[PDB]
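A note on names: the letters A, B, ... follow the listed sequences, proteins ahead of strands, and every chain is numbered from 1. Order of listing sets the numbers, starting from 1, for every ligand and every atom in it. Every heavy atom of this structure was used, including side-chain atoms; hydrogens, water molecules and symmetry mates were not.
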Amino acid sequence: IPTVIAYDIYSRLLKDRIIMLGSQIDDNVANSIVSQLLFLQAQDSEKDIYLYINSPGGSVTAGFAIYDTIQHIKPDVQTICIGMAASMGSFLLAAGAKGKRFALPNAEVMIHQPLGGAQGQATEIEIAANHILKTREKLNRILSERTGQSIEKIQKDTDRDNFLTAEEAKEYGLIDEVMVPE
Amino acid sequence: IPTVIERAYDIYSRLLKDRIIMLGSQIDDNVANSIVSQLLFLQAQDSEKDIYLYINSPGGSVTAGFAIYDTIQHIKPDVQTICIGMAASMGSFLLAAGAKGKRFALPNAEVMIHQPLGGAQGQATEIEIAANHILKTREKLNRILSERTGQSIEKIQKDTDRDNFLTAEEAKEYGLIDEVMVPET
Amino acid sequence: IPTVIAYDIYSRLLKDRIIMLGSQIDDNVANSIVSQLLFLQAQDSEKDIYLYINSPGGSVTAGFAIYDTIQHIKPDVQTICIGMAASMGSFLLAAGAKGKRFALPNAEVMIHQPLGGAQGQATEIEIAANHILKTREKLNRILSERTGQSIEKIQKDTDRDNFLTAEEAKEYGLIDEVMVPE
Amino acid sequence: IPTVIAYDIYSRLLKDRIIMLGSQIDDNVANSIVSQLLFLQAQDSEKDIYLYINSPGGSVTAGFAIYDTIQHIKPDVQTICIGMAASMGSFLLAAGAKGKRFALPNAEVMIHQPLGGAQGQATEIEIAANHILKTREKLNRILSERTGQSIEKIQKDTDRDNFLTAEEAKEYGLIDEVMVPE
Amino acid sequence: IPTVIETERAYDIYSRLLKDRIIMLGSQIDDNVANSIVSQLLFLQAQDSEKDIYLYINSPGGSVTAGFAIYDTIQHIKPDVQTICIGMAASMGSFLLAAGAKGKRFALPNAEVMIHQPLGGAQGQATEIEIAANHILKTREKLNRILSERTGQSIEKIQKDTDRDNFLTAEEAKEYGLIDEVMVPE
Amino acid sequence: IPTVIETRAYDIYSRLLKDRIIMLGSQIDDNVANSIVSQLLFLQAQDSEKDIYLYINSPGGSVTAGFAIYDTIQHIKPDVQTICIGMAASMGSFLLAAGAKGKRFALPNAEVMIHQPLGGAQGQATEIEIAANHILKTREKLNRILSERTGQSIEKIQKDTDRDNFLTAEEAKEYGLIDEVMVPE
Amino acid sequence: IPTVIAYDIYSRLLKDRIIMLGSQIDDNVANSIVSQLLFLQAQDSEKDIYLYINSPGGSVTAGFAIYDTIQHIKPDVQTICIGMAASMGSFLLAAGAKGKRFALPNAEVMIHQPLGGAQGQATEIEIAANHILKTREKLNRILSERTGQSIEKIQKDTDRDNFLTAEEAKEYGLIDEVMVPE
Amino acid sequence: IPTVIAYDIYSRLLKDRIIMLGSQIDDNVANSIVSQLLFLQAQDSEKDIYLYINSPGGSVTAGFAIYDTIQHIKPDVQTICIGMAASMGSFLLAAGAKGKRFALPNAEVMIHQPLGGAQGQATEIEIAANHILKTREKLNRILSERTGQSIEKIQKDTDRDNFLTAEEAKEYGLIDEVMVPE
Amino acid sequence: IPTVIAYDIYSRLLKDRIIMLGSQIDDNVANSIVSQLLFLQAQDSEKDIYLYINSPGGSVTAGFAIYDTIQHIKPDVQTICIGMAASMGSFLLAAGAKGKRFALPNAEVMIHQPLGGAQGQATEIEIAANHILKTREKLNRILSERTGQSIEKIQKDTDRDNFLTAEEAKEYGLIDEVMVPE
Ligand SMILES: C[C@H]1C(=O)N(Cc2cccc3ccccc23)C[C@@H]2N(C(=O)NCc3ccc(F)cc3)CCC(=O)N21
Ligand SMILES: C[C@H]1C(=O)N(Cc2cccc3ccccc23)C[C@@H]2N(C(=O)NCc3ccc(F)cc3)CCC(=O)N21
Ligand SMILES: C[C@H]1C(=O)N(Cc2cccc3ccccc23)C[C@@H]2N(C(=O)NCc3ccc(F)cc3)CCC(=O)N21
Ligand SMILES: C[C@H]1C(=O)N(Cc2cccc3ccccc23)C[C@@H]2N(C(=O)NCc3ccc(F)cc3)CCC(=O)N21
Ligand SMILES: C[C@H]1C(=O)N(Cc2cccc3ccccc23)C[C@@H]2N(C(=O)NCc3ccc(F)cc3)CCC(=O)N21
Ligand SMILES: C[C@H]1C(=O)N(Cc2cccc3ccccc23)C[C@@H]2N(C(=O)NCc3ccc(F)cc3)CCC(=O)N21
Ligand SMILES: C[C@H]1C(=O)N(Cc2cccc3ccccc23)C[C@@H]2N(C(=O)NCc3ccc(F)cc3)CCC(=O)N21
Ligand SMILES: C[C@H]1C(=O)N(Cc2cccc3ccccc23)C[C@@H]2N(C(=O)NCc3ccc(F)cc3)CCC(=O)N21
Ligand SMILES: C[C@H]1C(=O)N(Cc2cccc3ccccc23)C[C@@H]2N(C(=O)NCc3ccc(F)cc3)CCC(=O)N21
Ligand SMILES: C[C@H]1C(=O)N(Cc2cccc3ccccc23)C[C@@H]2N(C(=O)NCc3ccc(F)cc3)CCC(=O)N21
């Protein structure tokens, strides 16, 4: 990772209120992004923040740590998909400030239902199944609110992996604009 | 495994000549296929004479256990069940499935009952299908166990929530067996 | 495996025209079952054969080796599900002689779409995908013929794992009768 | 982990009296949090401290190192659940200053009985069982004091994994308020 | 394993011993070993319900439930089952040595007998560990009660003497009541 | 591990060491002992009169590494307070008991565990005898010191450490392993 | 292993009352040798048995199973070392009938103390040590009786690995004669 | 391994007094060869035995079990090297009856010093070193007697791997004749 | 490893002429200790150096690098055993300046013969054995000189692991004094 003069390149972007979500979402990545959001709010509660998303998704609870911190803070958080946003990464792309959710033209967006597992006694499997179904209902309700699509349509469209172009993601309501090059 | 000469037989084949079938391992499809074949063979040799099913098993596959269960109910001879050592999980289900009045345990045998085990990985809807299947399987097992023990389905559900170890005398009181086979002085 | 006097127990059942399909279906299992079917036809071309099925399925081509040998020979092949018939095992259960397909009352039948995999260049993945889709069409067409259900219904009902009781399998047309105990 | 100007982002939050419990609880995590608590008390014995919790739980003794240090020091320790608090993480959430325990709206709280293991001679297994049962009695007694729920209710409600929404965690007495976004 | 031919029938050496009513318990006790020994005991009872059976024990023990399959079959059948320890009888092997017909439990002079409490494990939730602990404690109570009956020692003494590995010579096993006689060479 | 900067940058543990707090927060091996011994000797050189605070959250470990720490504590002039937070087990509980008389503490929910030493021996009969004699002499040395520091008899310590023995903070005070439970205001 | 006509070659030697101890001594080898000794006594109570020893030793309890069976039975058991007899193998060589213990001229005999191990609590290590020391005292006392050497000399001479030629083994009293070729 | 009518091919050769040493020499191979030698002596004490050698050698004590049994029995044992005789295999080739040691023309003979290992305390390494040096002295003394070469020459010529043609092995005195084809 | 103000704790002790030998002795540890000794001689050729020993020993040549550097330099090197000094660690403890070799009261000292290994040809094993025996003679001669015990006594007392208390090590001549606490 190069240095500019001294900042590593990512720390230099954070100085200009750009946060990089560029990996699988796990608790470490979420804790870092949450801390960056809270720090940027403290530096300036009015100026936009820019969340770059190039992520295959990951942990749903880690993604909700980021989601709730975005909604909590005062500054608008713009989202921009570059490369790919899949699964919980596409959920966070849709969670950006209204009118300020973007993708570049060749970015890939993918939506699908949550994944998990359960081993053990029948009653333990039932608890695990009830939990993942309730988690899917929670994700679909918020995605319905942020896209304008019905919960029934989101349920059908996420039954299996669903790949969208940037223009399809705009038509769906996951983003507001394709950022076309000059 | 030793051989006896009467015809030369391995010791298990010699017991099968006297209508004794050994369920002495974890229940998998291979064990079930062997026991099903033995039951059908013994019915063909003599449709009236009892068969003796020895059980020393920690259980195993529910579907493999139902292959044995359904074959026992299908054939004409009574199938006596005897628990020696241990009958756990699907092994205790099969012990309870013997001919009425002919389900036994020796005095220091261990019987254990509990809910079925399994697992699922994948999409939420795949986990839901797997959960619904294992819950329906537990309902099926509990209904039959209620019929064969005389206990209510509600009681069987409570009593199998966790591992429940029974002595031979406790298994008789519960209705999983009819008698403890006490040794002659 | 016990001996009866001298036959191993499975060879004794074959003397009474009973074939055991009691394992995952691979080429070795199929080759054995095909050989047994051809031998039994040669011993007596008129007397029924009994195919016991307790199988989680397996290879589709190995299953079609058994299916085509059943249809080729002159004797009726009865099928009986004891324990479980899943995937290609349920296909073979449905392939028995009309009126002579059975299950015992607590036997489990499961139907679902074929599984596979492909790695490599885009064009290699396309060839593999086209092959498994054509295989699914072939399975569904034959299952429609043997059950009386439409291809559209079979496609919907096999999208995910679908567990049937013996009575449900009779209602579906996968078997003719539940063999209830005296 | 980015730098702000020089602090790593987590060290910058600690300058504003924010401690991150963002991983599984082991002795290393506990020792670090204990040290941070004692340092912040020394800097200012009156000003609140903020404990962020995004944790699946972990070691009960490591969790009690954190619990007893929170109760020992003079400043109030606010707790906030973001993402998830499970097992000993939910215990620590409930341990925050009365009136200053929070969750964000989509945070997950899970409560369950302690896990462990025992191998060896019958008398060794008896010692291990008695120890884990006494540990569960200690956890339930403290959680009863902090939630207002009876020990009998906590015992029943933690027999298996019990997932709570933020609002359910407030109703239970694990938190005081859901921190709703403006 | 060698073959012997008697005039003509060919036997592996262990099958030839079984023809003379000798059963070999010569390995760790698991369900497969127990199923074989149980089958041999039932077969020998059917061949002759009156003639003694000889159970050779050279075993480090093993599964308690597999051992109780053997124990209960010994008590069930009509013939006396002599037990003889050669080499070693440890843990559930020493329990089976003590279970032979009264007056017909033997050891050769340099055989090792070891007694100790049962071993096991549990992993999982507190309530699962409690169920596992209660089960192994009840199993130890059952073992100790039977060993008290077969040796003449009190349950309190058996509990103390099996807290840790306790190695006995053949003569010490006789003094304890685990065997009746040391078979001293002529 | 976070850094604190005072108008000097310290990792948080180095900042605690500036206030004479040493962290024994892991399994005791030679590396941990060498670090703690160096810290004790440095703190004595900085101030020979001011108390040192040894935080203990440890499952124990090496007996010889623990005796490196024990002997350094007794050697130096300053009193070393000991405080158990979380857990002190095995050699960690021995070191808790080794703090300055009247200055051994535990927080209320801390766990203390005492047990006999663990080890191994492999080889010829005479090599096993040497190893056994050594671990028995090591146990007697530990028990003699624990008797001195708790006021309990060697025979009581031997009985109470035969198997794992878990104590609450209040039980550890009653036993003489600590002087006070540090109750919160 | 070749067949002679039908016996495998070892079974043909057993017909002539020759038992082969030709491997490491474990419980399986001891059970086999014990069974062979008891069978040979039953076939002929008067005729000598020949125990061939080419063994590096092994389990002390398995070796004592063989030793006690040799002393129990009525026939004399000659011992002959060919190749090597080490550790418990040399103990069994010395245990043959008085006057009928042999080695061929280039055979190797090795004597040494018993090996073992213990891991666990100090009291467990003490029990293990006391047991191996008592086992060594028993072995050395029997070797003193069968060689004519003092217990003190046997203890000194077995402290470390001690290799003997056939002639040295005769001089020591471990064998009676070197079987020199015609 | 084919059957002739019924014998496996090696058992058929043993019926004509031919023993195959065709593998690495370990105790199992030695025990088998010793048993075959003793059986053939019992069938006919006067008729020659033929020992085929195609072996890379192996255990020195296992080789001495074979060597001493050859010298013990009354029949002459011819040796024939076909393929290769190395290390203890070349020692056994040289041990055949005087005038009846052969090789086929393209057979390879290799001689070299014994191999072993020693691990542990200085005094244990010393015992192991003294043992392997004494073993080498024993091998060299016998090879000197059987070849007519000096012990000093054999020591020098076996310091490293020394490969001989059949004709060179005859010149050395390891064999008596090269068996040239008709 | 903590910092004091800036030095890591071990570098701060080196500033006060204290060298820590606190691990197994390998070439890396020896090279570091040798460098520290040469640096301290340069900093002050007259002032004592303090070598702390808590070591299970290790490489004999690495230990002799340390030993010879101690004897080469002008300053007295005090040695102090804390925790344990075993094998080459106890050799180095005995190598400190006469009158300035110490142990704390509960420190363990263990002496024993050198360990090693050799695998290969007889002549390679002989070279390895002669080397380890010469190494033991060199160690014993120096230990006799430094303790005042005879070489014969040192040989007997190091045949097996020999554990000494601090007081016993003083009686033996391995240290001069037990450093008793005030
Ligand atoms: C265009 C707009 C926006 O959409 N982004 C999102 C974004 C994030 C990461 C990578 C991107 C790549 C391509 C396109 C947009 C990317 C950030 C950008 N910002 C800047 O470029 N700021 C100067 C700046 C950048 C880096 C730096 F180190 C210093 C200054 C902040 C001000 C602003 O309006 N924007
Ligand atoms: C709102 C309140 C609170 O609940 N927290 C907890 C908290 C912790 C971690 C992440 C969170 C994310 C979302 C919401 C609360 C979060 C900390 C916060 N603090 C600040 O935001 N302080 C400015 C600040 C932050 C970071 C920084 F680097 C400099 C200043 C301290 C003063 C205070 O009242 N609060
Ligand atoms: C009842 C009917 C049938 O449905 N089967 C299928 C079947 C196969 C495998 C296991 C089964 C278990 C339970 C129920 C049916 C089973 C075989 C059977 N046959 C026999 O039982 N024949 C005597 C026989 C069996 C075995 C044997 F070794 C000798 C004879 C052939 C004649 C016939 O009509 N039937
Ligand atoms: C029909 C024709 C043929 O195409 N085959 C090939 C074949 C091979 C293997 C499996 C097959 C399965 C299905 C269809 C053909 C199969 C062999 C068959 N033969 C027999 O069926 N011969 C009786 C026979 C079979 C087996 C047996 F054990 C005894 C007799 C030899 C005589 C002959 O013309 N044929
Ligand atoms: C109360 C007393 C004591 O018992 N300890 C032990 C201790 C050690 C580790 C964690 C603990 C957690 C909870 C309770 C006691 C803990 C240290 C403490 N000290 C301080 O708190 N000193 C200010 C201080 C701390 C850290 C820091 F970075 C700066 C100053 C030194 C002065 C003193 O009397 N004490
Ligand atoms: C007593 C009754 C019974 O409950 N069993 C069940 C049983 C099965 C396996 C092991 C057992 C061990 C202990 C006790 C019962 C055991 C079988 C037995 N049978 C026999 O013993 N038959 C003679 C026989 C057995 C074996 C053999 F090889 C030859 C004949 C069939 C006739 C009969 O009524 N019984
Ligand atoms: C007492 C004497 C001695 O025997 N040692 C050896 C020693 C080494 C390592 C750990 C030990 C633990 C306990 C006992 C002795 C220990 C070093 C000590 N020195 C000091 O303590 N010097 C102040 C000092 C220490 C550390 C530091 F960072 C700064 C100054 C140098 C001056 C001196 O005479 N001594
Ligand atoms: C002496 C007595 C007894 O205690 N045993 C137990 C025993 C079992 C296994 C190995 C043993 C080794 C040493 C000593 C006893 C051993 C069996 C023996 N039996 C025989 O020896 N029977 C002839 C016989 C044996 C083997 C054979 F193949 C044919 C016949 C049955 C008749 C009898 O009273 N006894
Ligand atoms: C010479 C004497 C003896 O010391 N042995 C021991 C022995 C055992 C194994 C390998 C040996 C190799 C070399 C030298 C002795 C060997 C057995 C031999 N016996 C025979 O040779 N018996 C004929 C025989 C052997 C094998 C066979 F298959 C048929 C007959 C039994 C009768 C007898 O006195 N002896
Ligand atoms: C004695 C002579 C020499 O043979 N060496 C080689 C040497 C190298 C490494 C380790 C050694 C250990 C023991 C003995 C020699 C060692 C270097 C030494 N030098 C110094 O000691 N220079 C002061 C110096 C050393 C280290 C330091 F950090 C500062 C100054 C340079 C000047 C010189 O003549 N010599």
Side-chain angles (χ1 to χ4, degrees), chain A residues 4 7 9-20 22 47-54 78-82 100 102 104 179 181, chain B residues 33 36-45 47 67-68 70-75, chain C residues 4 7 9-20 22 47-54 78-82 100 102-104 179 181, chain G residues 4 7 9-20 22 47-54 78-82 100 102-104 179 181, chain H residues 31 34-43 45 65 68-73:
Chain A
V4 300
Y7 281 106
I9 193 71
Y10 302 127
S11 298
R12 182 61 187 82
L13 265 62
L14 178 60
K15 181 184 185 210
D16 268 71
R17 304 184 66 82
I18 300 157
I19 296 171
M20 302 297 277
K47 284 185 180 180
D48 289 4
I49 295 168
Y50 300 84
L51 180 62
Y52 163 96
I53 305 177
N54 180 26
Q78 309 206 3
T79 54
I80 187 162
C81 180
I82 297 181
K100 298 176 176 184
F102 302 95
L104 291 187
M179 188 179 295
Chain B
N33 297 337
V36 165
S37 298
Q38 293 175 67
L39 287 165
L40 195 73
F41 170 75
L42 289 180
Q43 172 179 241
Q45 287 203 309
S47 64
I68 300 167
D70 275 352
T71 304
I72 289 169
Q73 307 324 326
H74 176 76
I75 65 169
Chain C
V4 297
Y7 280 107
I9 193 73
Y10 301 128
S11 299
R12 180 65 187 81
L13 264 63
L14 176 62
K15 180 185 182 215
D16 269 72
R17 306 184 65 82
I18 299 156
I19 297 172
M20 299 300 276
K47 284 186 180 161
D48 287 6
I49 295 169
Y50 300 84
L51 180 62
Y52 162 97
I53 305 173
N54 180 27
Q78 309 207 3
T79 54
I80 186 160
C81 181
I82 299 181
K100 299 176 175 183
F102 300 97
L104 291 187
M179 189 181 294
Chain G
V4 301
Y7 280 112
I9 194 71
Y10 302 126
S11 300
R12 180 65 189 81
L13 264 63
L14 178 62
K15 179 180 191 279
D16 268 71
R17 305 184 64 83
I18 300 157
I19 296 172
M20 294 306 274
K47 280 205 193 144
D48 288 6
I49 295 168
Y50 300 85
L51 180 62
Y52 163 94
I53 304 174
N54 181 27
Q78 309 206 3
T79 54
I80 188 157
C81 179
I82 298 181
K100 297 174 177 185
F102 301 97
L104 288 55
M179 190 180 292
Chain H
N31 298 337
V34 164
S35 299
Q36 293 174 66
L37 288 165
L38 195 72
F39 168 75
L40 290 180
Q41 172 179 242
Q43 288 202 309
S45 64
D68 275 350
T69 303
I70 290 171
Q71 305 327 323
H72 176 76
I73 65 169

Trainee: With a cut-off of 4.0 Å, which atoms of ligand 9 are near a heavy atom of H:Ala42?
Mentor: 23 (C), 24 (C), 29 (C), 30 (C)

Trainee: I want to confirm something. Looking only at heavy atoms, which of C:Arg12, B:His74, B:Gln38 is nearest to atom 27 (C) of ligand 3?
Mentor: C:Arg12

Trainee: Just to be sure I read this right, does ligand 3 sit under 4.0 Å from the backbone of C:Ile82, its side chain, both, or neither, counting only heavy atoms?
Mentor: side chain

Trainee: Answer with yes or no whether A:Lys15 contacts ligand 1, where contact means a heavy atom under 4.0 Å from a ligand atom.
Mentor: no

Trainee: On a heavy-atom basis, which atom in H:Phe39 and which in G:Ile9 lie closest, and how many Å separate them?
Mentor: CB-CD1, 3.8 Å

Trainee: Under 3.5 Å, side chain of H:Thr69 to main-chain N/O of H:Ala65, donor-acceptor pair present?
Mentor: yes

Trainee: Counting only heavy atoms closer than 4.0 Å, does ligand 9 sit against the backbone of H:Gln41, its side chain, both, or neither?
Mentor: neither

Trainee: Which pair of heavy atoms, one from G:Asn54 and one from G:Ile82, lies closest together, and at what distance?
Mentor: CB-O, 3.1 Å

Trainee: Would a search of protein heavy atoms around atom 12 (C) of ligand 9 find one under 4.0 Å away?
Mentor: yes

Trainee: Output the list of atoms in ligand 9 that are nearer than 4.0 Å to some heavy atom of H:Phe39, sorted by atom number.
Mentor: 28 (F)

Trainee: Would you say atom 1 (C) of ligand 3 makes contact with the protein, given that contact here means a non-hydrogen protein atom less than 4.0 Å away?
Mentor: no

Trainee: Can you tell me how far CG of G:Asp16 sits from NZ of G:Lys47, rounded to the nearest 0.5 angstrom?
Mentor: 8.0 Å

Trainee: Considering B:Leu40, B:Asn33, C:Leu104, which one's heavy-atom position lies nearest to atom 9 (C) of ligand 3?
Mentor: B:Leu40

Trainee: Indicate, as side chain, backbone, both or neither, the part of G:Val4 found under 4.0 angstrom from ligand 9 when only non-hydrogen atoms are considered.
Mentor: neither

Trainee: Could you tell me which atoms of ligand 3, counted from 1 in the order shown, lie closer than 4.0 angstrom to a heavy atom of C:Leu13?
Mentor: 26 (C), 28 (F)

Trainee: Any idea which of A:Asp16, A:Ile80, A:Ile18, A:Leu51 brings a heavy atom closest to atom 19 (N) of ligand 1?
Mentor: A:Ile18

Trainee: Around atom OH of A:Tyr52, are there more than 12 heavy atoms of other residues, nucleotides or ligands at under 6.0 Å?
Mentor: yes

Trainee: Ignoring hydrogens, what is the shortest heavy-atom contact between H:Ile73 and H:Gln41? Give both atom names and the distance.
Mentor: CA-OE1, 3.3 Å

Trainee: Which heavy-atom pair separates B:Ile68 from B:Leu39 by the least distance, and what is that distance?
Mentor: O-CD1, 4.4 Å

Trainee: Counting each atom of ligand 1 from 1 as listed, which ones have a heavy atom of A:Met179 under 4.0 Å away?
Mentor: 4 (O)

Trainee: For ligand 1, is there an N or O atom under 3.5 Å from any N or O atom of A:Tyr50?
Mentor: yes

Trainee: Quick check: does any side chain N or O of A:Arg12 sit under 3.5 Å from a backbone N or O of A:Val4, one acting as donor and the other as acceptor?
Mentor: no

Trainee: Hey, is the main chain of B:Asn33 close enough, under 3.5 Å, to the side chain of B:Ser37 for a donor-acceptor pair?
Mentor: yes

Trainee: Could you check whether any side-chain N or O of C:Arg17 sits under 3.5 Å from a backbone N or O of C:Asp48, counting only pairs where one atom can act as donor and the other as acceptor?
Mentor: yes

Trainee: Is the closest heavy atom of C:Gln78 to ligand 3 under 4.0 Å?
Mentor: no

